[PDB]
Each structure stands twice: as structure tokens, then as C-alpha cells.
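Q: Chains as they are written, first to last, in PDB author numbering: chain A, 291 to 386; chain B, 9 to 157; chain C, 30 to 195, 227 to 417; chain D, 50 to 97; chain E, 83 to 228; chain F, 420 to 471; chain G, 109 to 270.
The beta carbon of each residue, even a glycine, is placed where N, CA and C say it ideally should be.
Handing you a structure now.
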Amino acid sequence: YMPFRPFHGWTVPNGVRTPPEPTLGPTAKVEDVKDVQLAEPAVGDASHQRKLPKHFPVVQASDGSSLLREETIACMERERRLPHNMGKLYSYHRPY
Amino acid sequence: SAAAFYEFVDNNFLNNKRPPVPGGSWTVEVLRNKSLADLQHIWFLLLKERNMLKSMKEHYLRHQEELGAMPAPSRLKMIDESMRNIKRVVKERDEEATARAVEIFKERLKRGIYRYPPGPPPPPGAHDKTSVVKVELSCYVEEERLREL
Amino acid sequence: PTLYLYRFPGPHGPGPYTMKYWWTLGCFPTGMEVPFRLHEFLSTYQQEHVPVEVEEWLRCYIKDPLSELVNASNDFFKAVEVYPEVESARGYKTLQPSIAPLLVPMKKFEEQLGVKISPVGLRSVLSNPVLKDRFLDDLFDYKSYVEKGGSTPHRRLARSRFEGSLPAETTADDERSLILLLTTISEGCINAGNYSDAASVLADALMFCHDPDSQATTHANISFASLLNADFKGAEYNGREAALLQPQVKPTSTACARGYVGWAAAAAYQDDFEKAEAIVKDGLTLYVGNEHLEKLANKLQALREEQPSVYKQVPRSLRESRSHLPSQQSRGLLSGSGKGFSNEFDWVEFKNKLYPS
Amino acid sequence: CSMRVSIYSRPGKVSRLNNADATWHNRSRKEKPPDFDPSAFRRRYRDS
Amino acid sequence: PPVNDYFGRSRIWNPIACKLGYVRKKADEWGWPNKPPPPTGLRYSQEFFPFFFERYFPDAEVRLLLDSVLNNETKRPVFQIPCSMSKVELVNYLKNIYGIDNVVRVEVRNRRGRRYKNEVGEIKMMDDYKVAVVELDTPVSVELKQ
Amino acid sequence: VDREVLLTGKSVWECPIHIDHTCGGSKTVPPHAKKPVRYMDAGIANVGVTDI
Amino acid sequence: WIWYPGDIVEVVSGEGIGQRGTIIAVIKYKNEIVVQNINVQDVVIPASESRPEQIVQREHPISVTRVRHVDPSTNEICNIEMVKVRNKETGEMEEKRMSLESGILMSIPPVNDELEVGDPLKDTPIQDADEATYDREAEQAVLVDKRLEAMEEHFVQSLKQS
């Protein structure tokens, strides 16, 4: 099993395994379904107003409680200081 | 002894083998079902794991030219997420506990049982040397009128 | 209330006097300029970065060397056939058409075969009509041989690696045509006047041949090329290797006689006239009749008739001093120490003398 | 910044931070007397 | 602006306390202003959530230097700790968590966090760390199987 | 990660780096901050036209 | 987001105009789509210590602005919008994609990333992970008692000062 999709021009040898190609799933009409609604149907409503500006980064849990908002802020600040995924830097001012 | 330092350092990097990325991290749904002593046990476990991971990360930063980027770096993020979820569960439990406690304490304070000179307080009936009379009227009447009457 | 900026880039752009700082110190010597190297980072690290699994699976989809050799030889033959012939004028030498479209197929053939071919040599063999015919015939023969019976050098390397993990027959027809066309290219390069390049080409051309006669001929040719290149040591080495292969060569081949000639001439250039006369005497006692040896013996005797009249012999401390052939002059014109520019007194060489390396 | 220039790591050379052949010249030529130790003086005097 | 922009060896900690600092402290303590404040007794007691969590789930980053103990029998291994720890803190840590009881002496020495520039030239400094040089009775070593 | 996705082909959904669009400014606003409600905005987006 | 791997999408503008392809990859945070055999270029891999320079054809990400889906039944360009619809076997409501012309719902294929595999040395079994050992009545007893003791001690000290 090769863990990546082959390039354009490669030929899969005999007895090899490849992640399956993305195929379209099932197909069903809308007339058969009885409960059908649109995404964001209300355009003149007043509840979709932002409580925080769009440039504010969201630092909160998935439920909506801010119990550990400062903990998440500290985690993000530590990530900004030294990201764990940081590769091999090119700068001449290397940390070590 | 030496096993302490052997667990401070990594094992796959010690045997010159590629360390694999683990499956997942502790979720809040699991940590809610876990008990307090169990929570602190797994907390110390994650703490030791994070110490080993940070030692390996610092070693790779010291040798970034001899050795490339640290293999499987998402482990530190998984450990931090697990620790944050532990803290979240403990904070929820402490919030419930302190809510119950402040309710009980305000009830006690309303009862008025505390007294710095150690001993039971005097009874309320021996103190309340006054009485109240409730009279029903069919219409509003001035307070000074009721007083003078 | 003033600021001090030692050396900053001017209005048009950063010059070398500041790029030196940028490459050594890491940033400009003022400190007010922030080091920004995103472009070179993208050009080097982002390009050389490859994931481990893809890097490991790359070696599975490399092209087939046999098919690559066949296609490269076909394309190179097509290109050298399409290449036009030089029209000879009268009164002035016509400029040969530059080989613009020939560098890519020749480069592919070189990187597929493991040998380097001179562009000057190719241009010269294309200018020469008969050499062009020899080269075309040999290239077509090599094409047919690699298309019918595979690649003998590749099969030999495969068998060598197989026996290493777990003898050598005579040279095949493909290797024979290959060494033939390489000798043709080397002859054209010698006619053009690049003796060092000709010797370097023949040095790798000898690797394809395994029969003693072909090896002796290649050794004689390398001896002559090194003699013209003034590398007397290698010239003598190959010239005597020819006579070493002599006992196993066919009687009709004179490659060993030419090797004797090259060895004697290398000795004469090293100014050991006694050794050169002894070598040509041995060569004559071996092949009593040979013009390449007889002419050289006559020349050496004409020199030896005047040798005792000047100093009674050649000196000992003055040997290998007089520069005779113009090839070493042309090489020293480039590799020579300049007047005040690059010499033992300039500091860039003085520090190389001072420090170990 | 000579340490960061030479001894530090760069995309062309390895780190010389822990390297005796590059750090040995940092030691002083003329030896110097040791500095006074206040903790040692306290543990030696043991005021009463 | 009151933001300190120097990330060198002489970085100074600002003693002036800002209103936002107190606000954030109170908010992380008891969810200000949604939840009612706990009474002064619980606030100043050992049961207050931050102290309780710091005592029952301690958070101390102890990193071992691989060069000091890798493939060499060393009697002075070094560790990196947060600045809020001391010699007694570290020896209790190693004795209770990792079981390293035989600790002769710990040599303390602070150290400014590592500073570096990325490709675009932004100055990002790593968190500060305190260097400790613990002394043992027996020399230890972790071999690296080559 | 751009080089890695170009060489592999794996589909990435979330950004590999957390982007703080405030450059450290979001930590200056108090935590309980929330935008107030503005009635009768002088805009046309609330109509939701799709033909002009 | 409407473009998910598995759909047939036609290129409307730019290079490769009028060509249909299958979405191979979706770079969401960059708003790019890697389509099959469309906008393929030669990517190079530098020679390492053991391998030579290797150049190979690979598709490159295509922006989303210049691509439009293809109706599965009509086989033509159709505008597609997000539509919330409840499932027949699951009461939950999922977001499908519906065309205006034909009215055909399109499901969202899951990620199904099996490449990541954990190590059995540092992984706890799901049985021990899911077993519960927490009791609300017993554990909250000690906490509430400690809180009460602390608050009462402080209140007694305040009464002492008063």
C-alpha cells in the first residue's frame, strides 16, 4: 500500500494498493424528500449580527463557555513563540 | 536510578527508530466519566510524557543541522489538549462544588448560628420584644392616618 | 540627536560592499535593515523538501535505462543527421554552423552512458567529412546493437553487482562501435587542438573495451594524447602498458609499436635521451620494420649527434625545465601566477600557504 | 555578535555551541584568584 | 507605546500594573462578571480553584539536556525548569515523581529565553528557562545504540 | 505544507497555522466584550437582492 | 464551501477552458482545487546523496473562482447551493448540495483518513477509556465540606476582629 496518490504518468505495478479515487456518493432528488430547507435562509433577520468583529480570532470551546479562554490564549501564544511543526529554518539568526 | 533518565529520554530515538504518532488524545467526554484520583493519575502520566517530548524537542533544536525536524510533532499538541481538557473537567467540578457550598453557607448565615465567643447564641424568642398587627382595609389609607388612629 | 549608519544600500540598490555583509554577518552592518530571505528560503528549502514515503517510493518509478539509451541514441542520431554540412568557400574559411540543437541530445546521451563527449570534438568531427561518416556509421551500428542485444556495459555492471551480492568475456559489438566512435571524436578533438580534453575522453573510452588489442590501441592513443598534452607521466604509463599488452595482441596490430614510440618520445621530452634510445632499440629489436619507430630513432640520433658538443650530456638539475610544445604554454597562460594579481605575495595565496588548508 | 556569527548554527555549518576546539580560546591566559564566596564565608563563620 | 519592543539580553519586566491585567485575572478566576464572586474565605483559602489545581495537578516543565548524559558517564546532569522553582522544589520533584532520591546538590543559574528570527525577519523569543545542574552520588549515562 | 500537498495530493481542510488576525491586539480587549446591537443600519445587505 | 472531492467540475475560464475533470484534492484554507488531469506541470525533485534529479508531471491547485460543477443528470453547468435536509434513517439534519435546474441533492463524502495509525505502546484500550469510575454524590462530599470549613473559619476570624 502506497500512502500517497501516484503522480501523472506513473503506472501502478502488479499487486499494489492505492487509496481509492474520490467518487460521487448516492444521488437523490428533492421531490422525494419532504423536509428541505436552505442554508442561512433569513437575510433580513437581526440575530446574525456579529458579537465580535471579523478580525478577532475565535478563542473558545466548542460549547460556548469561556472557562479556559486564557488557557487557550496561552496555548496559542506558546504555539506562536515556538510552533511544534516548525521545520528547518533558513535564517542566519538560528535559535541554536 | 538510570531508568529515570531512560524515561526522561525517548526510546525510539534511542534505538535510532522512527517514532510513530499515537492514536488520539483524552476527550472531555471521557474525562467526565473518569474519577478525580484517576484524573490526577492520568495528569501525572501526561506530565511525564510532555517532559519527555519537550526534552526531545529541545535536543532537536540544539541539533537542527545534524538532525532534521523532530519526528511526530503532533504529540505535544495532543498532550497539551489532553491537559487542557483535564483542567476543564476539574474546573467544572469545582464550580459545581463551590455553588453548592456558597448556597449552604448563605443558608447558614441567614440562620445566624456563628458567634466568635464559642457557644450557642441566645434564642430569638427571648430577644424579639415586639409584635406586628396585620389589618385588612378595603381602600388605601394614609400612613399618618393609620398611625394617629 | 543624530543617527550613525556605517554602510547602507544606496538609492539604486544594494551593492557588493553590502552583500558581503549580508552573506557573512547575516544582515546589513547598520542593523536598521531587517533580514528578509524568504525568496532564497523558497528557492532552496521548500524545493529540496520531500516527504519520506514519496522519497522512498521515488526509486520504484525511475525510467528504464535500456529504453532511455535507445531513445537518446535515436534522437542524437537524428540530430547529427539533420545537422548540415559545411559549405567550403574559396579565399576565406567559412564559419561552421554552431551546434545549438545538438547540446541537449548529446547531453542526454552522455548522462545515460556515463561518459563525457566534447562539444568542440563533435563540431570538429562534423566539419571533417570523412570523420563525420565514420561517426555516423559507428553511431548507427551502436544504435542497432543496443536495440537488438541490449546494453553490454549495463549487463556487465548488473553481473558485477550480482556476484558482489552473492569472469569477463571479450568486448561486444556495441562496446566496439562505442569505443570506435569515441576514438573518432577524440581524433576530431585533437585536430581541433584540445589535447587535455582528448585525453580525458579517451580515459573513459578505455573503460568500455576489454579485449587486449582494443585496450592496447586505446593505451597507445592515450599515450599520444597525453604526449601532445605534455602530461609525460601518463603518456609514458600508457605507452608502456601498450608493450605490456603486446604478448597477447594479434601479430597484425601495431598498437604496441605506437606505444613504444610514445614511451620513447615521453622519455625524450623528459630529457632522458639514453632511456629513449634504449626504448627505441628494444622496439626495433621487437619490430625490426616500423616507420613510427624508425623516424623517431633517426630524430633521436640526430639530436644525440649534437648532444655531446654542448654539455657532453643533459644536466641533472636542469631536466624537465625547457618547455617545448605549445600545449603547456597555452595551459600556463591560464594557470600562471599574475604580476601583482595572484602570486605568492598576494594575501589570498599567502594565507593559503600559512594555514594548513 | 561574534558568537552568533561564528559559533552559532547556520544553514552552511553545524552548531559549535558545545565544541572544545572552538571554545577553548575563551579561557583567560593569566590565571586569576578565585572570587570571594559569601555563602562559604557564612557557613564558615557561623555567627552566634 | 508602552509595549516593550526589546528582545535582547537586558529585557525588563514592567512593574506598572494595568487594569486589563486585574480584569483578566478575575475573569479567569471566577468567570467575571457572569458568575457571582466566591466569598472572601474561599478566595483566600487553600480550596480556591487555581491553588487547588496547582496543588492537585502540578504543572512543571522539566527538560533533560541530551548532550549532558548521552553516551557519557556524567555525575552532573543538567535540567531545564520554570523560573518559579527552586533547589528544594526540583529535588522534591525528582524524588516524588521520577524517584531520583540521591541528589547531592543542585546548581541554580537563570538564563534568558532563546531568541531567533524567522525567514521574514520577525523576532520571536522562546520562553525563559532556569538551568539546574544536579549532582548525584553515582555517575549516570544513557547509551545510544549506534 | 504547500510543498507536501503538492508532492502527495492529500486534501487539507483546516489551516496548519493558527492565524491571529489582530497581531496580539485581541488580548488587549477585555474578555466580556461584545458588540452592541445597532438598530436600523443604513445598509442594503439586509434586503438580500440577487439581481443587481 | 461547495467543492468536495468526487464531483465533476468544468473549467470555465483561464487555461484548460471547456475541460471537465474530477476534483482530486481540496485546499480549503487557500480556496484551491486540485482537479484530475487539468493544469498539470513538471515538478522537480533535487538530487539527494543517493538519488539523481527527478522531474515528474503533477497537477497543481486551481482557484475556485474559475471552476463550476457539472450536473450529474443534465451533464451541463448548473448553479449549486447548500441545502439543509434531514435524513430518513437519522433524525439529524445534514447539509447537502442542490442544483437549481434539476434539483438533485449531493451528499458530502467523509474524510476517512486511515494513514494515521497509533502505537500500541502508548495507547490505552477503548474499554478502559470508556469504563466510568466517577460518583457524583461521594466525590462532591469532601469538596463541599472543605469549602464550608474554610468559609466558616474565615467568617469566625472576621467575627473575632469585629
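Applying the 10 Å Cβ sphere with the 16-neighbour rule, what's the burial state of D209 of chain E?
A: Taking the fifth sequence and counting its residues from 1, one reaches residue 209 of chain E at position 127. Classification of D209 of chain E: exposed, given that the 10 Å Cβ count is below 16.
Q: Compile a chain-ordered list of the residues in the region 71–88 of chain B whose CB is closer than 8 angstroms to at least one CB of chain D.
A: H71, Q72, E73, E74
Q: Check distances from the C-beta atoms of the region 218–245 of chain G to those of chain A and list, in chain order, the residues that come in under 8 angstroms.
A: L223
Q: Can you name the residues of chain B whose CB is closer than 7 angstroms to the CB of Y180 of chain E?
A: The residue given as residue 180 of chain E occupies position 98 in the fifth sequence. Within chain B, the residues near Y180 of chain E are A12.
Q: Under the three-state reduction of DSSP, which class applies to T123 of chain C: helix, strand or coil?
A: To locate residue 123 of chain C, count along the third sequence from 1; it is residue 94. If DSSP states are grouped into helix, strand and coil, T123 of chain C belongs with coil.
Q: Determine the extent of the alpha helix (DSSP H) in which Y174 of chain C is found, giving its start and end residues.
A: Within the third sequence, the letter at position 145 stands for residue 174 of chain C. It spans 158–177 - the alpha helix (DSSP H) in which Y174 of chain C sits, taken as one unbroken run.
Q: Output needed for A326 of chain C: all residues of its chain with C-beta closer than 7 angstroms, excluding positions within five of it in sequence on either side, in chain order.
A: For this step, residue 326 of chain C is matched to residue 266 along the third sequence. Result list for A326 of chain C: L287, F292, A295, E296, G299, in chain order.
Q: On the three-state DSSP scale, how would you describe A265 of chain C?
A: The residue you call residue 265 of chain C lines up with position 205 of the third sequence. The answer is helix: DSSP assigns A265 of chain C an H, G or I state.
Q: Tell me, which residues are paired with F161 of chain E by DSSP?
A: Residue mapping note: residue 161 of chain E aligns to position 79 of the fifth sequence, counting from 1. DSSP output for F161 of chain E lists E:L146, E:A214 as bridge partner(s).
Q: With 7 angstroms set as the bound, which would you pick, yes or no: does the beta-carbon of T313 of chain A sit closer than that to a beta-carbon of chain G?
A: On the first sequence, position 23 is the one that residue 313 of chain A refers to. So yes, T313 of chain A belongs to the interface.
Q: The beta strand (DSSP E) with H451 of chain F in it runs from where to where?
A: Residue numbering aside, residue 451 of chain F sits at position 32 when the sixth sequence is read from its first letter. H451 of chain F -> no beta strand (DSSP E), and no H or E assigned at all.
Q: May I ask you to report which of helix, strand or coil DSSP gives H41 of chain C?
A: If you number the third sequence from 1, residue 41 of chain C lands on position 12. In the structure shown, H41 of chain C sits in coil (DSSP, three-state: anything other than H, G, I, E or B).
Q: Between the C-alpha atoms of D406 of chain C and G398 of chain C, what's the straight-line distance to the nearest angstrom?
A: Numbered from its first residue, the third sequence carries residue 406 of chain C at position 346. Numbered from its first residue, the third sequence carries residue 398 of chain C at position 338. When rounded, the distance between both Cα atoms is 10 angstroms.
Q: With 7 angstroms set as the bound, which would you pick, yes or no: does the beta-carbon of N41 of chain B sit closer than that to a beta-carbon of chain E?
A: Working through the second sequence from its first residue, we reach residue 41 of chain B at position 33. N41 of chain B does not count as touching chain E.
Q: Using 8 angstroms as the Cβ pair cut-off and three pairs as the minimum, do the region 154–171 of chain E and the region 213–222 of chain E touch?
A: yes
Q: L425 of chain F CB to nearest chain C CB: under 7 angstroms?
A: Taking the sixth sequence and counting its residues from 1, the one referred to as residue 425 of chain F is at position 6. No, its Cβ sits nowhere closer than 7 angstroms to a Cβ of chain C.
Q: With distances taken Cα to Cα, identify the nearest neighbour of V186 of chain E among E:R197, E:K206, E:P221.
A: Within the fifth sequence, numbered from 1, the residue matching residue 186 of chain E stands at position 104. Out of E:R197, E:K206, E:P221, E:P221 has the C-alpha closest to the C-alpha of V186 of chain E.
Q: Taking the alpha helix (DSSP H) that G319 of chain C falls in, what are its first and last residues?
A: Here residue 319 of chain C refers to the residue found at position 259 of the third sequence. 315–329 is the span of the alpha helix (DSSP H), which, as asked, contains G319 of chain C.
Q: Assign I131 of chain G to one of three DSSP states: helix, strand, or coil.
A: One-based indexing of the seventh sequence puts residue 131 of chain G at position 23. The answer is strand: DSSP assigns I131 of chain G an E or B state.
Q: Taking the continuous alpha helix (DSSP H) assigned at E37 of chain B, which residues delimit it?
A: Stepping through the second sequence from its first residue, residue 37 of chain B is reached at position 29. Segment 36–41, the alpha helix (DSSP H) holding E37 of chain B.
Q: Taking the C-alpha atoms as reference points, what is the distance between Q162 of chain G and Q144 of chain G?
A: Here residue 162 of chain G corresponds to residue number 54 of the seventh sequence, with the count starting at 1. Here residue 144 of chain G corresponds to residue number 36 of the seventh sequence, with the count starting at 1. Whole-angstrom Cα-Cα distance: 22 angstroms.
Q: What are the residues that DSSP puts in a beta bridge with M376 of chain A?
A: As a working note, residue 376 of chain A is residue 86 in the first sequence. For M376 of chain A, DSSP records no beta bridge to any residue.
Q: With 16 as the cutoff for other CB atoms within 10 Å, does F57 of chain C come out buried or exposed?
A: On the third sequence, position 28 is the one that residue 57 of chain C refers to. Buried, because 16 or more other Cβ atoms sit within 10 Å of the Cβ of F57 of chain C.
Q: Taking beta-carbon pairs under 7 angstroms, can you tell me which members of the region 196–209 of chain G lie near chain B?
A: From the region 196–209 of chain G, no residue has a Cβ closer than 7 angstroms to chain B.
Q: Identify the residues that DSSP records as bridge partners of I112 of chain B: which are they?
A: Mapped onto the second sequence, residue 112 of chain B falls at position 104. Partner(s): none; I112 of chain B has no beta bridge.
Q: Step through the CB atoms of chain A and report whether any lies within less than 7 angstroms of the CB of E82 of chain C.
A: In the third sequence, residue 82 of chain C corresponds to position 53, counting from 1. So, interface residue.
Q: Counting only C-beta atoms, is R196 of chain E closer than 7 angstroms to chain A at any point?
A: Walking along the fifth sequence from the start, residue 196 of chain E turns up at place 114. It does; some Cβ of chain A falls within 7 angstroms.
Q: If you run the structure through DSSP and keep just helix, strand and coil, what is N96 of chain E?
A: By one-based count along the fifth sequence, residue 96 of chain E stands at place 14. In this structure, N96 of chain E counts as coil in the three-state DSSP scheme.
Q: Can you pull the chain A residues whose beta carbon is under 9 angstroms from the beta carbon of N145 of chain G, in chain order?
A: Counted from its first residue, the seventh sequence places residue 145 of chain G at position 37. Neighbourhood of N145 of chain G in chain A, by CB distance below 9 angstroms: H298, in chain order.
Q: Would you tell me roughly how many angstroms separate the C-alpha atoms of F131 of chain E and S356 of chain A, rounded to the nearest one?
A: Sequence index remark: in the fifth sequence, residue 131 of chain E carries index 49 (1-based). Sequence index remark: in the first sequence, residue 356 of chain A carries index 66 (1-based). Cα-Cα distance, rounded: 16 angstroms.
Q: Relative to the alpha-carbon of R244 of chain G, which residue among B:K65, B:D88, B:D102 has its alpha-carbon at the smallest distance?
A: Counting from 1 along the seventh sequence, the entry for residue 244 of chain G is found at position 136. If we check each option's Cα against that of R244 of chain G, B:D102 comes out closest.
Q: Among residues of its own chain, excluding the 5 on either side of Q367 of chain C, which ones have a beta-carbon nearer than 8 angstroms to its beta-carbon?
A: Mapped onto the third sequence, residue 367 of chain C falls at position 307. If the five residues before and after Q367 of chain C are omitted, its C-beta is found closer than 8 angstroms to the C-beta atoms of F333, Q373, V374, all from its own chain and listed in chain order.
Q: For the region 200–217 of chain G against the region 305–324 of chain A, do three or more pairs of beta-carbon atoms, one drawn from each stretch, fall closer than 8 angstroms, so that the two count as touching?
A: yes
Q: So, is the C-beta of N23 of chain B closer than 7 angstroms to a C-beta in chain J?
A: Checking the listed chains, one finds no chain J in this structure; the protein chains it contains are A, B, C, D, E, F and G.
Q: So, does the region 316–323 of chain C touch the region 335–343 of chain C, judging by three or more C-beta pairs under 8 angstroms?
A: Verdict: yes, contact present.
Q: Quick test of the definition: if touching needs 3 or more C-beta pairs under 8 angstroms, does the region 163–176 of chain C touch the region 116–124 of chain C?
A: No contact exists between the region 163–176 of chain C and the region 116–124 of chain C.
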